[PDB]
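Undergrad: Provided herewith: structure14.tsv, TSV, N, CA and C atoms.
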```tsv
chain	number	residue	atom	x	y	z
P	20	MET	N	64.96	52.30	8.37
P	20	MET	CA	65.64	53.52	7.93
P	20	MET	C	65.80	54.49	9.11
P	21	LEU	N	64.89	54.56	10.09
P	21	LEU	CA	65.09	55.50	11.24
P	21	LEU	C	66.07	54.93	12.25
P	22	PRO	N	66.80	55.78	12.99
P	22	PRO	CA	67.65	55.28	14.07
P	22	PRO	C	66.85	54.46	15.09
P	23	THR	N	67.44	53.35	15.54
P	23	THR	CA	66.86	52.48	16.60
P	23	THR	C	66.90	53.23	17.94
P	24	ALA	N	66.11	52.79	18.94
P	24	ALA	CA	66.18	53.28	20.33
P	24	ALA	C	67.64	53.30	20.79
P	25	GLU	N	68.44	52.30	20.43
P	25	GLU	CA	69.86	52.25	20.87
P	25	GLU	C	70.69	53.37	20.23
P	26	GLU	N	70.57	53.57	18.91
P	26	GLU	CA	71.23	54.66	18.15
P	26	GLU	C	70.79	56.00	18.74
P	27	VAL	N	69.51	56.16	19.03
P	27	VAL	CA	69.02	57.43	19.65
P	27	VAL	C	69.74	57.64	21.00
P	28	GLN	N	69.85	56.60	21.82
P	28	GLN	CA	70.52	56.70	23.14
P	28	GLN	C	71.96	57.20	22.92
P	29	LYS	N	72.71	56.68	21.94
P	29	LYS	CA	74.12	57.09	21.65
P	29	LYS	C	74.16	58.54	21.12
P	30	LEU	N	73.22	58.91	20.24
P	30	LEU	CA	73.14	60.28	19.66
P	30	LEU	C	72.89	61.31	20.77
P	31	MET	N	71.94	61.04	21.66
P	31	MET	CA	71.59	62.00	22.71
P	31	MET	C	72.71	62.03	23.75
P	32	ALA	N	73.32	60.90	24.08
P	32	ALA	CA	74.51	60.87	24.96
P	32	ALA	C	75.63	61.73	24.36
P	33	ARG	N	75.89	61.64	23.05
P	33	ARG	CA	76.91	62.46	22.32
P	33	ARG	C	76.58	63.96	22.43
P	34	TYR	N	75.32	64.31	22.30
P	34	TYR	CA	74.86	65.72	22.46
P	34	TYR	C	75.34	66.31	23.79
P	35	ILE	N	75.08	65.60	24.89
P	35	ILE	CA	75.43	66.04	26.28
P	35	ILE	C	76.96	66.16	26.37
P	36	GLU	N	77.65	65.14	25.88
P	36	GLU	CA	79.13	65.08	25.82
P	36	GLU	C	79.62	66.39	25.21
P	37	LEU	N	79.06	66.85	24.09
P	37	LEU	CA	79.57	68.04	23.36
P	37	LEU	C	79.11	69.33	24.04
P	38	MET	N	77.93	69.33	24.65
P	38	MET	CA	77.43	70.52	25.39
P	38	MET	C	78.41	70.75	26.53
P	39	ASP	N	78.80	69.66	27.21
P	39	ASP	CA	79.60	69.76	28.47
P	39	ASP	C	81.00	70.32	28.19
P	40	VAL	N	81.55	70.05	27.00
P	40	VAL	CA	82.90	70.57	26.63
P	40	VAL	C	82.78	71.83	25.77
P	41	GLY	N	81.57	72.32	25.45
P	41	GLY	CA	81.36	73.58	24.68
P	41	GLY	C	81.68	73.44	23.19
P	42	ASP	N	81.56	72.23	22.65
P	42	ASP	CA	81.87	71.86	21.23
P	42	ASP	C	80.79	72.39	20.26
P	43	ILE	N	80.76	73.69	19.96
P	43	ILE	CA	79.65	74.33	19.18
P	43	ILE	C	79.57	73.64	17.82
P	44	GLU	N	80.65	73.67	17.04
P	44	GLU	CA	80.67	73.16	15.64
P	44	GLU	C	80.17	71.72	15.58
P	45	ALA	N	80.62	70.84	16.48
P	45	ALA	CA	80.20	69.41	16.50
P	45	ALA	C	78.71	69.30	16.86
P	46	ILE	N	78.17	70.17	17.70
P	46	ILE	CA	76.70	70.13	17.98
P	46	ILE	C	75.89	70.50	16.72
P	47	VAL	N	76.25	71.59	16.07
P	47	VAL	CA	75.56	72.10	14.85
P	47	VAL	C	75.63	70.98	13.81
P	48	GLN	N	76.74	70.22	13.74
P	48	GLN	CA	76.93	69.06	12.82
P	48	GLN	C	75.82	68.01	13.04
P	49	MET	N	75.32	67.87	14.26
P	49	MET	CA	74.29	66.85	14.60
P	49	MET	C	72.92	67.22	13.98
P	50	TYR	N	72.67	68.47	13.60
P	50	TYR	CA	71.43	68.98	12.95
P	50	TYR	C	71.39	68.75	11.44
P	51	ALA	N	70.18	68.41	10.98
P	51	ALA	CA	69.78	68.41	9.56
P	51	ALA	C	69.75	69.86	9.09
P	52	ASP	N	69.97	70.06	7.79
P	52	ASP	CA	70.14	71.39	7.14
P	52	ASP	C	69.04	72.37	7.54
P	53	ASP	N	67.80	71.88	7.54
P	53	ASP	CA	66.53	72.64	7.72
P	53	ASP	C	65.85	72.23	9.03
P	54	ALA	N	66.63	71.96	10.08
P	54	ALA	CA	66.10	71.59	11.39
P	54	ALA	C	65.45	72.81	12.05
P	55	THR	N	64.66	72.55	13.09
P	55	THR	CA	63.98	73.55	13.93
P	55	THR	C	64.34	73.30	15.39
P	56	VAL	N	64.68	74.35	16.10
P	56	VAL	CA	65.00	74.33	17.55
P	56	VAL	C	64.03	75.26	18.23
P	57	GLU	N	63.29	74.71	19.19
P	57	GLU	CA	62.39	75.45	20.06
P	57	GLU	C	62.88	75.40	21.50
P	58	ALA	N	63.70	76.37	21.88
P	58	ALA	CA	64.49	76.35	23.12
P	58	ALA	C	64.66	77.80	23.55
P	59	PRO	N	64.00	78.25	24.63
P	59	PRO	CA	63.09	77.42	25.42
P	59	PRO	C	61.80	77.19	24.64
P	60	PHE	N	61.13	76.05	24.86
P	60	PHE	CA	59.81	75.72	24.23
P	60	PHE	C	58.76	76.80	24.56
P	61	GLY	N	58.23	77.44	23.54
P	61	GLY	CA	57.35	78.60	23.72
P	61	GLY	C	57.97	79.85	23.14
P	62	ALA	N	59.28	79.99	23.10
P	62	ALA	CA	59.95	81.20	22.52
P	62	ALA	C	59.97	81.08	20.99
P	63	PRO	N	60.27	82.15	20.24
P	63	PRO	CA	60.24	82.06	18.79
P	63	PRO	C	61.12	80.92	18.24
P	64	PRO	N	60.58	80.04	17.40
P	64	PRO	CA	61.34	78.88	16.93
P	64	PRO	C	62.54	79.31	16.09
P	65	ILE	N	63.61	78.52	16.11
P	65	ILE	CA	64.86	78.79	15.35
P	65	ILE	C	64.88	77.88	14.11
P	66	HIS	N	64.93	78.43	12.88
P	66	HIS	CA	64.90	77.62	11.63
P	66	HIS	C	66.24	77.70	10.89
P	67	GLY	N	66.84	76.54	10.62
P	67	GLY	CA	68.01	76.35	9.75
P	67	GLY	C	69.31	76.29	10.53
P	68	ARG	N	70.33	75.62	9.98
P	68	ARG	CA	71.61	75.36	10.68
P	68	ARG	C	72.32	76.68	11.01
P	69	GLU	N	72.21	77.72	10.19
P	69	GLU	CA	72.96	78.98	10.43
P	69	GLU	C	72.46	79.62	11.73
P	70	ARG	N	71.14	79.76	11.86
P	70	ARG	CA	70.48	80.41	13.02
P	70	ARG	C	70.64	79.49	14.25
P	71	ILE	N	70.66	78.18	14.07
P	71	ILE	CA	70.78	77.23	15.20
P	71	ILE	C	72.18	77.39	15.78
P	72	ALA	N	73.17	77.65	14.93
P	72	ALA	CA	74.54	77.94	15.42
P	72	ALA	C	74.53	79.21	16.30
P	73	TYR	N	73.84	80.26	15.88
P	73	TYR	CA	73.71	81.52	16.69
P	73	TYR	C	73.26	81.12	18.10
P	74	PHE	N	72.26	80.25	18.23
P	74	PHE	CA	71.72	79.77	19.53
P	74	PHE	C	72.82	79.07	20.33
P	75	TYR	N	73.58	78.13	19.74
P	75	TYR	CA	74.69	77.45	20.45
P	75	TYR	C	75.84	78.44	20.66
P	76	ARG	N	76.01	79.43	19.78
P	76	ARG	CA	77.07	80.47	19.96
P	76	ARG	C	76.65	81.27	21.19
P	77	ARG	N	75.37	81.63	21.26
P	77	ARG	CA	74.75	82.34	22.40
P	77	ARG	C	74.84	81.49	23.68
P	78	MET	N	74.70	80.16	23.64
P	78	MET	CA	74.62	79.27	24.83
P	78	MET	C	76.01	78.79	25.28
P	79	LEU	N	76.95	78.56	24.36
P	79	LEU	CA	78.29	78.03	24.70
P	79	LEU	C	79.41	79.03	24.31
P	80	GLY	N	79.13	80.07	23.50
P	80	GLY	CA	80.16	80.85	22.76
P	80	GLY	C	80.88	81.90	23.61
P	81	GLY	N	80.48	82.06	24.87
P	81	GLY	CA	81.27	82.78	25.90
P	81	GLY	C	81.92	81.80	26.86
P	82	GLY	N	81.86	80.50	26.55
P	82	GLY	CA	82.38	79.41	27.39
P	82	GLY	C	81.28	78.77	28.21
P	83	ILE	N	81.49	77.50	28.58
P	83	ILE	CA	80.63	76.72	29.52
P	83	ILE	C	81.58	76.03	30.52
P	84	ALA	N	81.13	75.78	31.76
P	84	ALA	CA	81.90	75.02	32.78
P	84	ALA	C	81.58	73.52	32.68
P	85	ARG	N	80.29	73.15	32.68
P	85	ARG	CA	79.82	71.72	32.63
P	85	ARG	C	78.38	71.63	32.12
P	86	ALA	N	78.00	70.47	31.55
P	86	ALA	CA	76.61	70.03	31.28
P	86	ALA	C	76.49	68.52	31.53
P	87	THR	N	75.54	68.07	32.35
P	87	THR	CA	75.52	66.69	32.90
P	87	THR	C	74.04	66.22	33.00
P	88	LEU	N	73.78	64.96	32.60
P	88	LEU	CA	72.45	64.30	32.69
P	88	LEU	C	71.97	64.24	34.15
P	89	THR	N	70.67	64.38	34.40
P	89	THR	CA	70.11	64.25	35.77
P	89	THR	C	69.11	63.10	35.83
P	90	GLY	N	69.05	62.29	34.76
P	90	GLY	CA	68.16	61.12	34.64
P	90	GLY	C	68.46	60.34	33.36
P	91	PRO	N	67.72	59.23	33.14
P	91	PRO	CA	67.97	58.39	31.96
P	91	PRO	C	67.65	59.12	30.64
P	92	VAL	N	68.45	58.86	29.60
P	92	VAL	CA	68.07	59.10	28.18
P	92	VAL	C	67.01	58.06	27.83
P	93	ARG	N	65.83	58.51	27.43
P	93	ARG	CA	64.70	57.63	27.03
P	93	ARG	C	64.59	57.72	25.52
P	94	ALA	N	64.60	56.61	24.79
P	94	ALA	CA	64.44	56.61	23.32
P	94	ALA	C	63.16	55.86	22.98
P	95	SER	N	62.47	56.33	21.93
P	95	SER	CA	61.32	55.65	21.30
P	95	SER	C	61.85	54.64	20.27
P	96	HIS	N	60.93	53.89	19.66
P	96	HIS	CA	61.17	53.03	18.48
P	96	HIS	C	60.85	53.84	17.22
P	97	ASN	N	60.58	55.12	17.39
P	97	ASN	CA	60.04	56.06	16.38
P	97	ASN	C	61.12	57.08	16.00
P	98	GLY	N	62.40	56.84	16.33
P	98	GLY	CA	63.47	57.80	16.03
P	98	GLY	C	63.35	59.13	16.78
P	99	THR	N	62.91	59.08	18.03
P	99	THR	CA	62.80	60.25	18.94
P	99	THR	C	63.33	59.81	20.30
P	100	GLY	N	63.72	60.77	21.12
P	100	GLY	CA	64.16	60.52	22.50
P	100	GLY	C	64.09	61.78	23.34
P	101	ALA	N	64.33	61.61	24.63
P	101	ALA	CA	64.08	62.65	25.64
P	101	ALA	C	65.12	62.43	26.74
P	102	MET	N	65.65	63.53	27.29
P	102	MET	CA	66.61	63.44	28.40
P	102	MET	C	66.59	64.74	29.19
P	103	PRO	N	66.71	64.63	30.53
P	103	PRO	CA	66.86	65.78	31.41
P	103	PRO	C	68.34	65.99	31.77
P	104	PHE	N	68.77	67.24	31.77
P	104	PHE	CA	70.16	67.63	32.11
P	104	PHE	C	70.18	68.98	32.82
P	105	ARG	N	71.34	69.35	33.38
P	105	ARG	CA	71.62	70.62	34.09
P	105	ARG	C	72.85	71.28	33.45
P	106	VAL	N	72.79	72.57	33.04
P	106	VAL	CA	73.99	73.29	32.50
P	106	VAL	C	74.55	74.27	33.56
P	107	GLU	N	75.85	74.60	33.46
P	107	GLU	CA	76.64	75.40	34.45
P	107	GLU	C	77.70	76.30	33.74
P	108	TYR	N	77.68	77.61	34.07
P	108	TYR	CA	78.60	78.67	33.57
P	108	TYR	C	79.19	79.46	34.75
P	115	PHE	N	77.01	80.25	36.62
P	115	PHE	CA	75.54	80.17	36.74
P	115	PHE	C	75.11	78.77	36.32
P	116	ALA	N	73.81	78.47	36.51
P	116	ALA	CA	73.20	77.11	36.36
P	116	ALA	C	71.80	77.21	35.68
P	117	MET	N	71.36	76.18	34.94
P	117	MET	CA	69.97	75.98	34.41
P	117	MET	C	69.66	74.50	34.15
P	118	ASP	N	68.44	74.06	34.51
P	118	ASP	CA	67.93	72.69	34.26
P	118	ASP	C	67.15	72.63	32.95
P	119	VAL	N	67.36	71.59	32.14
P	119	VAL	CA	66.79	71.49	30.76
P	119	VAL	C	66.22	70.08	30.53
P	120	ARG	N	64.98	69.97	30.07
P	120	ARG	CA	64.36	68.71	29.54
P	120	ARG	C	64.24	68.80	28.01
P	121	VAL	N	64.96	67.95	27.26
P	121	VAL	CA	65.12	68.09	25.78
P	121	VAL	C	64.42	66.90	25.12
P	122	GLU	N	63.65	67.16	24.07
P	122	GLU	CA	63.06	66.13	23.18
P	122	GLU	C	63.62	66.37	21.77
P	123	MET	N	64.05	65.29	21.13
P	123	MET	CA	64.67	65.34	19.81
P	123	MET	C	63.99	64.34	18.91
P	124	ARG	N	63.77	64.74	17.66
P	124	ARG	CA	63.35	63.82	16.59
P	124	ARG	C	64.48	63.76	15.56
P	125	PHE	N	64.88	62.55	15.19
P	125	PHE	CA	65.95	62.27	14.22
P	125	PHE	C	65.36	61.86	12.89
P	126	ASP	N	66.07	62.18	11.82
P	126	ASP	CA	65.66	61.80	10.45
P	126	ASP	C	66.33	60.44	10.19
P	127	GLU	N	66.18	59.87	9.02
P	127	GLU	CA	66.75	58.52	8.71
P	127	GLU	C	68.29	58.52	8.66
P	128	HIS	N	68.93	59.70	8.57
P	128	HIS	CA	70.42	59.89	8.50
P	128	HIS	C	71.00	60.04	9.91
P	129	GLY	N	70.18	59.99	10.95
P	129	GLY	CA	70.70	60.13	12.32
P	129	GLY	C	70.92	61.58	12.71
P	130	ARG	N	70.31	62.50	11.99
P	130	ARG	CA	70.48	63.95	12.28
P	130	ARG	C	69.21	64.48	12.90
P	131	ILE	N	69.36	65.56	13.66
P	131	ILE	CA	68.25	66.12	14.47
P	131	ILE	C	67.39	66.95	13.50
P	132	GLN	N	66.14	66.56	13.32
P	132	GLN	CA	65.14	67.28	12.51
P	132	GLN	C	64.50	68.37	13.37
P	133	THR	N	64.09	68.02	14.58
P	133	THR	CA	63.51	68.99	15.55
P	133	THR	C	63.96	68.75	16.98
P	134	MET	N	64.11	69.85	17.73
P	134	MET	CA	64.51	69.78	19.15
P	134	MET	C	63.62	70.78	19.88
P	135	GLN	N	63.09	70.34	21.02
P	135	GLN	CA	62.35	71.16	21.97
P	135	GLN	C	63.05	71.05	23.32
P	136	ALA	N	63.37	72.18	23.94
P	136	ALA	CA	64.01	72.19	25.27
P	136	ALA	C	63.10	72.95	26.20
P	137	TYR	N	62.69	72.30	27.27
P	137	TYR	CA	61.97	72.93	28.41
P	137	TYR	C	63.02	73.43	29.41
P	138	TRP	N	62.98	74.71	29.80
P	138	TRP	CA	64.01	75.29	30.71
P	138	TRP	C	63.49	75.52	32.13
P	139	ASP	N	64.34	75.27	33.15
P	139	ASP	CA	64.06	75.68	34.56
P	139	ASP	C	65.26	76.37	35.23
P	140	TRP	N	65.00	77.53	35.83
P	140	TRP	CA	65.96	78.36	36.61
P	140	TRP	C	66.48	77.59	37.84
P	141	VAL	N	67.81	77.59	38.04
P	141	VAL	CA	68.47	77.03	39.28
P	141	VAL	C	68.58	78.13	40.33
```
Output the file's structure in the form of structure tokens.

TA:
Amino acid sequence: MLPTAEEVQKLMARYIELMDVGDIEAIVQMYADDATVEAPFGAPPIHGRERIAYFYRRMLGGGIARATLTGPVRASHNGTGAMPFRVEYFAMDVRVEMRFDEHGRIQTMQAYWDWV
């Protein structure tokens, strides 16, 4: 019932694809109704699709130039995966961990941030 390591690799690759073109609505679509986003990890957690959109509206909603992987997408056999990327508007480096539910949607996301 959980996404395979291969499905996780395609889901996380799709995430980067949409971040890089500033596709807010399609990113929010990847989240489960009651998902949690901890980005940056340590800041107040974001609960539910409406508030998670505010975060992507805040991150992409004035426009983005590019977002690109800086290493392999790593997937578990447990419906989770991890990938490092760099965003550009200005610049920031991000290490993201995602857990998927049995429907292929993001239940939880943690992003570790680094200043460029």

Undergrad: Pull the strand (DSSP E or B) assignments for chain P out of DSSP run on the backbone, and list those residues as a PyMOL selection string.

TA: chain P and resi 50-57+60+62+65-66+85-88+93-94+99-107+116-125+131-140

Undergrad: Restricting the calculation to all atoms listed in the file: of P:93, P:21, P:28, P:105, which residue gets closest to residue 128 of chain P?

TA: P:21

Undergrad: For segment 134-141 of chain P, please output as number ranges by chain all residues within 8 Å (counting only C-alpha atoms; exclusion window: fewer than 6 positions along the same chain).

TA: P: 55-60, 116-124

Undergrad: Pick from P:62, P:31, P:54, P:38: nearest to residue 131 of chain P, with all atoms listed in the file counted?

TA: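 That would be P:54, the residue with the smallest distance to residue 131 of chain P.
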
Undergrad: Find the residues near residue 50 of chain P: any atom within 7 Å, counting all atoms listed in the file, skip ones fewer than 4 places away on the same chain, and give them as a VMD selection string.

TA: chain P and resid 45 to 46 54 68 130 to 132

Undergrad: So that I have them on file, write out the residues from the current selection with N, CA and C atoms, as a short mmCIF file (atom, residue, chain, number, x, y, z; two decimals), keeping the file's coordinate frame.

TA:
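Saved file out14.cif follows:
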```
data_model
loop_
_atom_site.label_atom_id
_atom_site.label_comp_id
_atom_site.auth_asym_id
_atom_site.auth_seq_id
_atom_site.Cartn_x
_atom_site.Cartn_y
_atom_site.Cartn_z
N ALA P 45 80.62 70.84 16.48
CA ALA P 45 80.20 69.41 16.50
C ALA P 45 78.71 69.30 16.86
N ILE P 46 78.17 70.17 17.70
CA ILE P 46 76.70 70.13 17.98
C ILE P 46 75.89 70.50 16.72
N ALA P 54 66.63 71.96 10.08
CA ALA P 54 66.10 71.59 11.39
C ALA P 54 65.45 72.81 12.05
N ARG P 68 70.33 75.62 9.98
CA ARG P 68 71.61 75.36 10.68
C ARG P 68 72.32 76.68 11.01
N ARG P 130 70.31 62.50 11.99
CA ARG P 130 70.48 63.95 12.28
C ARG P 130 69.21 64.48 12.90
N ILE P 131 69.36 65.56 13.66
CA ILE P 131 68.25 66.12 14.47
C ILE P 131 67.39 66.95 13.50
N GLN P 132 66.14 66.56 13.32
CA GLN P 132 65.14 67.28 12.51
C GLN P 132 64.50 68.37 13.37
#
```

Undergrad: What are the DSSP alpha helix (DSSP H) residues of chain P, as a PyMOL selection string?

TA: chain P and resi 24-40+43-48+68-79

Undergrad: At what distance in Å, to one decimal, does atom N of residue 115 of chain P lie from atom C of residue 82 of chain P?

TA: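 If I compute the distance from atom C of residue 82 of chain P to atom N of residue 115 of chain P, I get 9.5 Å.
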
Undergrad: Using only C-alpha atoms, give me every residue within 6 Å of (80.4, 77.4, 33.8) in file coordinates, as an mmCIF file with N, CA and C atoms, in the frame of the given file.

TA:
```cif
data_model
loop_
_atom_site.group_PDB
_atom_site.id
_atom_site.type_symbol
_atom_site.label_atom_id
_atom_site.label_comp_id
_atom_site.auth_asym_id
_atom_site.auth_seq_id
_atom_site.Cartn_x
_atom_site.Cartn_y
_atom_site.Cartn_z
ATOM 1 N N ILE P 83 81.490 77.500 28.580
ATOM 2 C CA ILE P 83 80.630 76.720 29.520
ATOM 3 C C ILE P 83 81.580 76.030 30.520
ATOM 4 N N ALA P 84 81.130 75.780 31.760
ATOM 5 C CA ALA P 84 81.900 75.020 32.780
ATOM 6 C C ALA P 84 81.580 73.520 32.680
ATOM 7 N N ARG P 85 80.290 73.150 32.680
ATOM 8 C CA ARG P 85 79.820 71.720 32.630
ATOM 9 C C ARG P 85 78.380 71.630 32.120
ATOM 10 N N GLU P 107 75.850 74.600 33.460
ATOM 11 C CA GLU P 107 76.640 75.400 34.450
ATOM 12 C C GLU P 107 77.700 76.300 33.740
ATOM 13 N N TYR P 108 77.680 77.610 34.070
ATOM 14 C CA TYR P 108 78.600 78.670 33.570
ATOM 15 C C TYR P 108 79.190 79.460 34.750
#
```

Undergrad: So what do you get for atom N of residue 48 of chain P versus atom N of residue 94 of chain P, distance-wise?

TA: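 Taking atom N of residue 48 of chain P and atom N of residue 94 of chain P, their separation equals 21.3 Å.
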
Undergrad: What does the structure give for the distance between atom N of residue 71 of chain P and atom N of residue 103 of chain P, in Å to one decimal?

TA: 21.7 Å

Undergrad: Have segment 25-45 of chain P completed to N, CA, C and O atoms, please, and pass it along as a PDB file, in the coordinates of the input.

TA:
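Saved result, rebuild-v4.pdb, follows:
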```pdb
ATOM      1  N   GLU P  25      68.440  52.300  20.430  1.00  0.00           N
ATOM      2  CA  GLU P  25      69.860  52.250  20.870  1.00  0.00           C
ATOM      3  C   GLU P  25      70.690  53.370  20.230  1.00  0.00           C
ATOM      4  O   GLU P  25      71.464  54.006  20.978  1.00  0.00           O
ATOM      5  N   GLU P  26      70.570  53.570  18.910  1.00  0.00           N
ATOM      6  CA  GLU P  26      71.230  54.660  18.150  1.00  0.00           C
ATOM      7  C   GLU P  26      70.790  56.000  18.740  1.00  0.00           C
ATOM      8  O   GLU P  26      71.605  56.906  18.922  1.00  0.00           O
ATOM      9  N   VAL P  27      69.510  56.160  19.030  1.00  0.00           N
ATOM     10  CA  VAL P  27      69.020  57.430  19.650  1.00  0.00           C
ATOM     11  C   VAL P  27      69.740  57.640  21.000  1.00  0.00           C
ATOM     12  O   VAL P  27      70.219  58.770  21.264  1.00  0.00           O
ATOM     13  N   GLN P  28      69.850  56.600  21.820  1.00  0.00           N
ATOM     14  CA  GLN P  28      70.520  56.700  23.140  1.00  0.00           C
ATOM     15  C   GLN P  28      71.960  57.200  22.920  1.00  0.00           C
ATOM     16  O   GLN P  28      72.309  58.103  23.657  1.00  0.00           O
ATOM     17  N   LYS P  29      72.710  56.680  21.940  1.00  0.00           N
ATOM     18  CA  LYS P  29      74.120  57.090  21.650  1.00  0.00           C
ATOM     19  C   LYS P  29      74.160  58.540  21.120  1.00  0.00           C
ATOM     20  O   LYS P  29      75.046  59.300  21.570  1.00  0.00           O
ATOM     21  N   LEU P  30      73.220  58.910  20.240  1.00  0.00           N
ATOM     22  CA  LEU P  30      73.140  60.280  19.660  1.00  0.00           C
ATOM     23  C   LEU P  30      72.890  61.310  20.770  1.00  0.00           C
ATOM     24  O   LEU P  30      73.601  62.320  20.827  1.00  0.00           O
ATOM     25  N   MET P  31      71.940  61.040  21.660  1.00  0.00           N
ATOM     26  CA  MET P  31      71.590  62.000  22.710  1.00  0.00           C
ATOM     27  C   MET P  31      72.710  62.030  23.750  1.00  0.00           C
ATOM     28  O   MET P  31      73.090  63.146  24.127  1.00  0.00           O
ATOM     29  N   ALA P  32      73.320  60.900  24.080  1.00  0.00           N
ATOM     30  CA  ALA P  32      74.510  60.870  24.960  1.00  0.00           C
ATOM     31  C   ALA P  32      75.630  61.730  24.360  1.00  0.00           C
ATOM     32  O   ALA P  32      76.217  62.512  25.161  1.00  0.00           O
ATOM     33  N   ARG P  33      75.890  61.640  23.050  1.00  0.00           N
ATOM     34  CA  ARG P  33      76.910  62.460  22.320  1.00  0.00           C
ATOM     35  C   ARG P  33      76.580  63.960  22.430  1.00  0.00           C
ATOM     36  O   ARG P  33      77.497  64.789  22.585  1.00  0.00           O
ATOM     37  N   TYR P  34      75.320  64.310  22.300  1.00  0.00           N
ATOM     38  CA  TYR P  34      74.860  65.720  22.460  1.00  0.00           C
ATOM     39  C   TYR P  34      75.340  66.310  23.790  1.00  0.00           C
ATOM     40  O   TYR P  34      75.869  67.447  23.794  1.00  0.00           O
ATOM     41  N   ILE P  35      75.080  65.600  24.890  1.00  0.00           N
ATOM     42  CA  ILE P  35      75.430  66.040  26.280  1.00  0.00           C
ATOM     43  C   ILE P  35      76.960  66.160  26.370  1.00  0.00           C
ATOM     44  O   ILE P  35      77.444  67.162  26.869  1.00  0.00           O
ATOM     45  N   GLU P  36      77.650  65.140  25.880  1.00  0.00           N
ATOM     46  CA  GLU P  36      79.130  65.080  25.820  1.00  0.00           C
ATOM     47  C   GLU P  36      79.620  66.390  25.210  1.00  0.00           C
ATOM     48  O   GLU P  36      80.521  66.965  25.769  1.00  0.00           O
ATOM     49  N   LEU P  37      79.060  66.850  24.090  1.00  0.00           N
ATOM     50  CA  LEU P  37      79.570  68.040  23.360  1.00  0.00           C
ATOM     51  C   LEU P  37      79.110  69.330  24.040  1.00  0.00           C
ATOM     52  O   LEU P  37      79.840  70.318  23.982  1.00  0.00           O
ATOM     53  N   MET P  38      77.930  69.330  24.650  1.00  0.00           N
ATOM     54  CA  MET P  38      77.430  70.520  25.390  1.00  0.00           C
ATOM     55  C   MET P  38      78.410  70.750  26.530  1.00  0.00           C
ATOM     56  O   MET P  38      78.865  71.912  26.734  1.00  0.00           O
ATOM     57  N   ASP P  39      78.800  69.660  27.210  1.00  0.00           N
ATOM     58  CA  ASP P  39      79.600  69.760  28.470  1.00  0.00           C
ATOM     59  C   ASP P  39      81.000  70.320  28.190  1.00  0.00           C
ATOM     60  O   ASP P  39      81.577  71.064  29.067  1.00  0.00           O
ATOM     61  N   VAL P  40      81.550  70.050  27.000  1.00  0.00           N
ATOM     62  CA  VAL P  40      82.900  70.570  26.630  1.00  0.00           C
ATOM     63  C   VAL P  40      82.780  71.830  25.770  1.00  0.00           C
ATOM     64  O   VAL P  40      83.799  72.361  25.407  1.00  0.00           O
ATOM     65  N   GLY P  41      81.570  72.320  25.450  1.00  0.00           N
ATOM     66  CA  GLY P  41      81.360  73.580  24.680  1.00  0.00           C
ATOM     67  C   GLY P  41      81.680  73.440  23.190  1.00  0.00           C
ATOM     68  O   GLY P  41      81.896  74.471  22.537  1.00  0.00           O
ATOM     69  N   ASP P  42      81.560  72.230  22.650  1.00  0.00           N
ATOM     70  CA  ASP P  42      81.870  71.860  21.230  1.00  0.00           C
ATOM     71  C   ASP P  42      80.790  72.390  20.260  1.00  0.00           C
ATOM     72  O   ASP P  42      80.029  71.567  19.728  1.00  0.00           O
ATOM     73  N   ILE P  43      80.760  73.690  19.960  1.00  0.00           N
ATOM     74  CA  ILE P  43      79.650  74.330  19.180  1.00  0.00           C
ATOM     75  C   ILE P  43      79.570  73.640  17.820  1.00  0.00           C
ATOM     76  O   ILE P  43      78.510  73.065  17.511  1.00  0.00           O
ATOM     77  N   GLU P  44      80.650  73.670  17.040  1.00  0.00           N
ATOM     78  CA  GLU P  44      80.670  73.160  15.640  1.00  0.00           C
ATOM     79  C   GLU P  44      80.170  71.720  15.580  1.00  0.00           C
ATOM     80  O   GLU P  44      79.387  71.419  14.660  1.00  0.00           O
ATOM     81  N   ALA P  45      80.620  70.840  16.480  1.00  0.00           N
ATOM     82  CA  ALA P  45      80.200  69.410  16.500  1.00  0.00           C
ATOM     83  C   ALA P  45      78.710  69.300  16.860  1.00  0.00           C
ATOM     84  O   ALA P  45      78.065  68.356  16.405  1.00  0.00           O
TER      85      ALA P  45
END
```
